[PDB]
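Asks: Numbering (the deposited numbering), first residue to last: 1 to 95.
C-beta atoms are modelled at their ideal positions from N, C-alpha and C, and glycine is treated no differently.
So that we are looking at the same thing, I have put the structure below in structure tokens.
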Amino acid sequence: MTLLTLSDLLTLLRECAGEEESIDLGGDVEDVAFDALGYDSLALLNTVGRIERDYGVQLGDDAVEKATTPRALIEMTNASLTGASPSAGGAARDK
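Structure below.
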């Protein structure tokens with residue numbers, strides 16, 4: 001599917017919180033922790049849910065844990081989209 005952007009994660013977050021602007025904080029909140037901008041987790045949990053379903057991402061369930069900033073979630077998503085789904089692996093020990 002299509003990767004993700006800051007404007008995306010922001011709006012979906014905005015919809016979750018119920019704000020009237022994808023980026024109400026202003027803009028200087030791309031590298032600020034969710035708790036540092038005003039997000040708790042419950043809202044993020046919902047937003048992340050819509051993303052995993054809307055984008056169909058699934059690199060790691062713990063991605064939400066490490067995800068402290070928006071660039072994190074977006075990174076995990078963009079990484080999933082760019083990854084183009086997994087494939088187990090393919091070591092080199094045959095012919």
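(1) Using only the alpha-carbon positions, how far apart do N78 and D40 sit?
(2) With a Cβ-Cβ cutoff of 7 Å, do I74 and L12 count as a contact?
(3) The alpha helix (DSSP H) spanning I23 covers which residue range?
(4) Whether or not the region 21-40 and the region 60-72 are in contact is what I'm after, with contact meaning three or more pairs of Cβ atoms, one per stretch, closer than 8 Å; do they touch?
(5) How would you call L45, buried or exposed, if buried means at least 16 neighbouring beta carbons within 10 angstroms?
(6) Which complete alpha helix (DSSP H) runs does the region 43-84 hold, if anything under 4 residues is left out?
Replies: Reading from the atomic positions:
(1) Approximately 23 Å, taken between the alpha carbons.
(2) Not a contact, by the Cβ cut-off of 7 Å.
(3) Taken as a continuous stretch (DSSP letters only), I23 belongs to no alpha helix (DSSP H), as it is neither H nor E.
(4) In this structure the region 60-72 lies against the region 21-40, because at least three pairs of beta carbons, one per stretch, are closer than 8 Å.
(5) By the neighbour-count rule (16 or more Cβ atoms within 10 Å), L45 is not buried but exposed.
(6) Runs found: 63-66, 70-83.
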